[PDB]
Amino acid sequence: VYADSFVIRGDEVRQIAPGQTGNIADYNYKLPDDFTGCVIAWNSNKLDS
Amino acid sequence: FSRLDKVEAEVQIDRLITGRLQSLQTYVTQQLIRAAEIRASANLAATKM
């Protein structure tokens, strides 16, 4: 099992999915086409902000 | 591929590879039927001569 954590804006949540082309998914981090598994995203406005 | 996401582009080409392959099957089965009639007509000539 692998776990990777980070903090992203609300306008770039969708780019984690494989095949997504965009700014954050081209120069920082992206998943391969045959990715297996999933991600969980939730608001951290109370703590991180 | 240049107009649709590569994550599920396999789905559309699958509808295409199956259809292309299926028509190749039909042509072969036609030749098997025709060859049987020619072989029947070849032996008749081989008997007359």
# chains A, B, ... in the order shown; residues from 1 in each chain; ligands from 1

$ residues_around --residues "residue 11 of chain A" --least-positions-apart "2" --cutoff "12 Å" --atoms "only C-alpha atoms" --output "list in words"
residues 8, 9, 13, 14, 15, 16, 22, 23 and 24 of chain A

$ closest_atom_pairs --of "chain B" --to "chain A" --cutoff "7 Å" --atoms "only C-alpha atoms" --output "tab-separated table"
residue	atom	partner	partner_atom	distance
B:5	CA	A:19	CA	6.3
B:6	CA	A:19	CA	5.9
B:7	CA	A:19	CA	5.4

$ write_last_selection --atoms "N, CA, C and O atoms" --output "mmCIF file, in the first residue's frame"
data_model
loop_
_atom_site.group_PDB
_atom_site.id
_atom_site.type_symbol
_atom_site.label_atom_id
_atom_site.label_comp_id
_atom_site.auth_asym_id
_atom_site.auth_seq_id
_atom_site.Cartn_x
_atom_site.Cartn_y
_atom_site.Cartn_z
ATOM 1 N N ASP B 5 -10.014 11.389 -24.576
ATOM 2 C CA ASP B 5 -9.116 11.066 -23.475
ATOM 3 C C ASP B 5 -8.581 9.646 -23.605
ATOM 4 O O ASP B 5 -9.321 8.709 -23.915
ATOM 5 N N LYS B 6 -7.282 9.490 -23.346
ATOM 6 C CA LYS B 6 -6.628 8.197 -23.487
ATOM 7 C C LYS B 6 -7.022 7.208 -22.400
ATOM 8 O O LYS B 6 -6.704 6.021 -22.528
ATOM 9 N N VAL B 7 -7.694 7.659 -21.340
ATOM 10 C CA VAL B 7 -8.081 6.745 -20.271
ATOM 11 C C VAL B 7 -9.112 5.738 -20.766
ATOM 12 O O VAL B 7 -9.041 4.547 -20.439
#

$ atom_distance --atom1 "atom CA of residue 11 of chain B" --atom2 "atom CA of residue 27 of chain B"
25.4 Å

$ select_by_dssp --residues "chain B" --states "alpha helix (DSSP H)" --output "VMD selection string"
chain B and resid 9 to 48

$ atom_distance --atom1 "atom CA of residue 35 of chain B" --atom2 "atom CA of residue 23 of chain B"
19.0 Å

$ closest_residue --among "A:25, A:5, A:10, A:31" --to "residue 45 of chain A" --atoms "only C-alpha atoms"
A:10

$ atom_distance --atom1 "atom CA of residue 2 of chain B" --atom2 "atom CA of residue 22 of chain B"
25.9 Å
